[PDB]
file query_12.cif (mmCIF, N, CA and C atoms)
data_run
#
loop_
_atom_site.group_PDB
_atom_site.id
_atom_site.type_symbol
_atom_site.label_atom_id
_atom_site.label_comp_id
_atom_site.auth_asym_id
_atom_site.auth_seq_id
_atom_site.Cartn_x
_atom_site.Cartn_y
_atom_site.Cartn_z
ATOM 1 N N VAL A 881 -68.667 259.133 81.025
ATOM 2 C CA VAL A 881 -69.994 259.686 81.311
ATOM 3 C C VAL A 881 -70.419 260.768 80.319
ATOM 4 N N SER A 882 -71.176 260.369 79.301
ATOM 5 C CA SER A 882 -71.728 261.282 78.308
ATOM 6 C C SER A 882 -73.250 261.187 78.274
ATOM 7 N N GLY A 883 -73.867 261.052 79.445
ATOM 8 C CA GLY A 883 -75.316 261.000 79.511
ATOM 9 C C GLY A 883 -75.938 262.316 79.074
ATOM 10 N N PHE A 884 -77.064 262.215 78.367
ATOM 11 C CA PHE A 884 -77.734 263.380 77.802
ATOM 12 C C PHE A 884 -79.092 263.636 78.443
ATOM 13 N N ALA A 885 -79.986 262.650 78.436
ATOM 14 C CA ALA A 885 -81.339 262.844 78.932
ATOM 15 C C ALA A 885 -81.786 261.624 79.725
ATOM 16 N N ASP A 886 -82.722 261.852 80.642
ATOM 17 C CA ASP A 886 -83.343 260.796 81.422
ATOM 18 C C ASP A 886 -84.844 260.792 81.167
ATOM 19 N N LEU A 887 -85.433 259.595 81.213
ATOM 20 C CA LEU A 887 -86.856 259.450 80.926
ATOM 21 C C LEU A 887 -87.703 260.215 81.938
ATOM 22 N N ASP A 888 -87.473 259.967 83.229
ATOM 23 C CA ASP A 888 -88.223 260.670 84.263
ATOM 24 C C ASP A 888 -87.903 262.159 84.259
ATOM 25 N N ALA A 889 -86.645 262.516 83.995
ATOM 26 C CA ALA A 889 -86.288 263.926 83.878
ATOM 27 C C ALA A 889 -86.977 264.571 82.682
ATOM 28 N N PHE A 890 -87.078 263.843 81.567
ATOM 29 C CA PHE A 890 -87.815 264.356 80.416
ATOM 30 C C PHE A 890 -89.285 264.556 80.757
ATOM 31 N N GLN A 891 -89.852 263.658 81.567
ATOM 32 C CA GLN A 891 -91.197 263.888 82.087
ATOM 33 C C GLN A 891 -91.246 265.157 82.927
ATOM 34 N N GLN A 892 -90.234 265.368 83.773
ATOM 35 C CA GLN A 892 -90.141 266.610 84.529
ATOM 36 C C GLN A 892 -89.856 267.797 83.619
ATOM 37 N N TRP A 893 -89.166 267.567 82.502
ATOM 38 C CA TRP A 893 -88.904 268.632 81.543
ATOM 39 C C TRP A 893 -90.218 269.138 80.967
ATOM 40 N N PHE A 894 -90.500 270.423 81.189
ATOM 41 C CA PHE A 894 -91.771 271.043 80.822
ATOM 42 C C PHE A 894 -92.923 270.375 81.566
ATOM 43 N N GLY A 895 -93.194 269.121 81.256
ATOM 44 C CA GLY A 895 -94.199 268.347 81.981
ATOM 45 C C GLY A 895 -95.562 268.431 81.305
ATOM 46 N N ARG A 896 -96.538 268.994 82.013
ATOM 47 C CA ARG A 896 -97.873 269.149 81.443
ATOM 48 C C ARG A 896 -97.902 269.987 80.165
ATOM 49 N N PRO A 897 -97.168 271.122 80.042
ATOM 50 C CA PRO A 897 -97.276 271.936 78.819
ATOM 51 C C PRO A 897 -96.889 271.237 77.520
ATOM 52 N N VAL A 898 -96.507 269.961 77.560
ATOM 53 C CA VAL A 898 -96.244 269.206 76.339
ATOM 54 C C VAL A 898 -97.208 268.048 76.150
ATOM 55 N N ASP A 899 -98.094 267.792 77.111
ATOM 56 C CA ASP A 899 -99.039 266.686 77.015
ATOM 57 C C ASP A 899 -100.490 267.140 77.001
ATOM 58 N N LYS A 900 -100.908 267.943 77.982
ATOM 59 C CA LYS A 900 -102.318 268.260 78.163
ATOM 60 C C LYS A 900 -102.752 269.562 77.503
ATOM 61 N N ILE A 901 -101.815 270.441 77.143
ATOM 62 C CA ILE A 901 -102.200 271.724 76.564
ATOM 63 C C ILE A 901 -102.665 271.579 75.119
ATOM 64 N N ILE A 902 -102.231 270.529 74.418
ATOM 65 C CA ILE A 902 -102.647 270.338 73.031
ATOM 66 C C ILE A 902 -104.151 270.113 72.951
ATOM 67 N N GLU A 903 -104.696 269.303 73.864
ATOM 68 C CA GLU A 903 -106.133 269.048 73.867
ATOM 69 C C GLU A 903 -106.921 270.324 74.137
ATOM 70 N N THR A 904 -106.450 271.148 75.073
ATOM 71 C CA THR A 904 -107.087 272.429 75.380
ATOM 72 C C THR A 904 -106.441 273.493 74.502
ATOM 73 N N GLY A 905 -106.956 273.633 73.280
ATOM 74 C CA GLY A 905 -106.345 274.505 72.291
ATOM 75 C C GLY A 905 -106.453 275.986 72.592
ATOM 76 N N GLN A 906 -107.205 276.372 73.624
ATOM 77 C CA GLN A 906 -107.323 277.781 73.977
ATOM 78 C C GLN A 906 -106.046 278.349 74.580
ATOM 79 N N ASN A 907 -105.081 277.501 74.946
ATOM 80 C CA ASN A 907 -103.840 277.957 75.552
ATOM 81 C C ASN A 907 -102.620 277.797 74.657
ATOM 82 N N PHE A 908 -102.655 276.875 73.691
ATOM 83 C CA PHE A 908 -101.521 276.712 72.785
ATOM 84 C C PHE A 908 -101.301 277.966 71.948
ATOM 85 N N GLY A 909 -102.383 278.569 71.452
ATOM 86 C CA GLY A 909 -102.252 279.804 70.701
ATOM 87 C C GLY A 909 -101.982 281.011 71.576
ATOM 88 N N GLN A 910 -102.382 280.949 72.849
ATOM 89 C CA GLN A 910 -102.129 282.052 73.769
ATOM 90 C C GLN A 910 -100.645 282.196 74.085
ATOM 91 N N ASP A 911 -99.863 281.131 73.890
ATOM 92 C CA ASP A 911 -98.407 281.160 74.036
ATOM 93 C C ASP A 911 -97.979 281.448 75.473
ATOM 94 N N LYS A 912 -98.797 281.043 76.446
ATOM 95 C CA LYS A 912 -98.396 281.176 77.843
ATOM 96 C C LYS A 912 -97.218 280.263 78.157
ATOM 97 N N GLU A 913 -97.327 278.985 77.793
ATOM 98 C CA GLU A 913 -96.224 278.042 77.947
ATOM 99 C C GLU A 913 -95.986 277.158 76.734
ATOM 100 N N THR A 914 -96.971 276.970 75.851
ATOM 101 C CA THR A 914 -96.796 276.063 74.720
ATOM 102 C C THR A 914 -95.715 276.557 73.768
ATOM 103 N N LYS A 915 -95.700 277.861 73.479
ATOM 104 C CA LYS A 915 -94.715 278.399 72.546
ATOM 105 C C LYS A 915 -93.298 278.231 73.075
ATOM 106 N N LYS A 916 -93.096 278.482 74.371
ATOM 107 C CA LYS A 916 -91.764 278.342 74.951
ATOM 108 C C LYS A 916 -91.289 276.895 74.901
ATOM 109 N N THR A 917 -92.170 275.949 75.237
ATOM 110 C CA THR A 917 -91.799 274.539 75.176
ATOM 111 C C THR A 917 -91.509 274.104 73.746
ATOM 112 N N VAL A 918 -92.310 274.577 72.787
ATOM 113 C CA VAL A 918 -92.083 274.229 71.386
ATOM 114 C C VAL A 918 -90.740 274.771 70.915
ATOM 115 N N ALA A 919 -90.429 276.020 71.267
ATOM 116 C CA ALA A 919 -89.149 276.602 70.878
ATOM 117 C C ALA A 919 -87.986 275.858 71.522
ATOM 118 N N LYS A 920 -88.124 275.493 72.800
ATOM 119 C CA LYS A 920 -87.067 274.743 73.472
ATOM 120 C C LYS A 920 -86.857 273.382 72.822
ATOM 121 N N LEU A 921 -87.948 272.685 72.495
ATOM 122 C CA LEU A 921 -87.832 271.393 71.829
ATOM 123 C C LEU A 921 -87.170 271.539 70.467
ATOM 124 N N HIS A 922 -87.563 272.562 69.704
ATOM 125 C CA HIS A 922 -86.942 272.799 68.406
ATOM 126 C C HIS A 922 -85.452 273.072 68.556
ATOM 127 N N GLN A 923 -85.074 273.837 69.581
ATOM 128 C CA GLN A 923 -83.662 274.124 69.805
ATOM 129 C C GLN A 923 -82.888 272.866 70.182
ATOM 130 N N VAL A 924 -83.484 271.989 70.992
ATOM 131 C CA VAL A 924 -82.728 270.866 71.537
ATOM 132 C C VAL A 924 -82.714 269.624 70.648
ATOM 133 N N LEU A 925 -83.718 269.431 69.786
ATOM 134 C CA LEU A 925 -83.784 268.204 69.003
ATOM 135 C C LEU A 925 -83.486 268.388 67.521
ATOM 136 N N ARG A 926 -83.643 269.597 66.980
ATOM 137 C CA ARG A 926 -83.333 269.812 65.567
ATOM 138 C C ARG A 926 -81.904 269.427 65.196
ATOM 139 N N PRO A 927 -80.866 269.748 65.980
ATOM 140 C CA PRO A 927 -79.534 269.215 65.648
ATOM 141 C C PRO A 927 -79.485 267.699 65.632
ATOM 142 N N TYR A 928 -80.301 267.036 66.451
ATOM 143 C CA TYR A 928 -80.340 265.582 66.520
ATOM 144 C C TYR A 928 -81.494 264.991 65.720
#
call {"tool": "encode", "arguments": {"input": "query_12.cif", "output": "structure tokens"}}
result
Amino acid sequence: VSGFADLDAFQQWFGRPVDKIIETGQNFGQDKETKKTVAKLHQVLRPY
């Protein structure tokens, strides 16, 4: 058992702050949640 990620769990991972916030650009620069999700994604996928 070396499972890493699940599709539905990845949907639950962050969730809306990775899909709908890009269209509403007034919040991506505000860094309420977009910056944290971007940093988490960079941390988790850059090695891979």
call {"tool": "atom_distance", "arguments": {"input": "query_12.cif", "atom1": "CA of residue 907 in chain A", "atom2": "CA of residue 921 in chain A"}}
result
17.7 Å
call {"tool": "axis_aligned_box", "arguments": {"input": "query_12.cif", "around": "range 881-894 of chain A", "padding_each_side": "3 Å", "output": "lines of an AutoDock Vina configuration file"}}
result
center_x = -80.8
center_y = 265.1
center_z = 81.2
size_x = 30.3
size_y = 17.9
size_z = 12.7
call {"tool": "atom_distance", "arguments": {"input": "query_12.cif", "atom1": "atom C of residue 900 in chain A", "atom2": "atom N of residue 914 in chain A"}}
result
9.5 Å
call {"tool": "closest_residue", "arguments": {"input": "query_12.cif", "among": "A:913, A:919, A:882, A:927", "to": "residue 895 in chain A", "atoms": "only C-alpha atoms"}}
result
A:913
call {"tool": "atom_distance", "arguments": {"input": "query_12.cif", "atom1": "atom C of residue 916 in chain A", "atom2": "atom N of residue 891 in chain A"}}
result
14.9 Å
call {"tool": "closest_residue", "arguments": {"input": "query_12.cif", "among": "A:928, A:888, A:881, A:897", "to": "residue 915 in chain A", "atoms": "all atoms listed in the file"}}
result
A:897
call {"tool": "residues_around", "arguments": {"input": "query_12.cif", "residues": "residue 884 in chain A", "least_positions_apart": "4", "cutoff": "12 Å", "atoms": "only C-alpha atoms", "output": "list in words"}}
result
residues 889, 890, 924, 925 and 928 of chain A
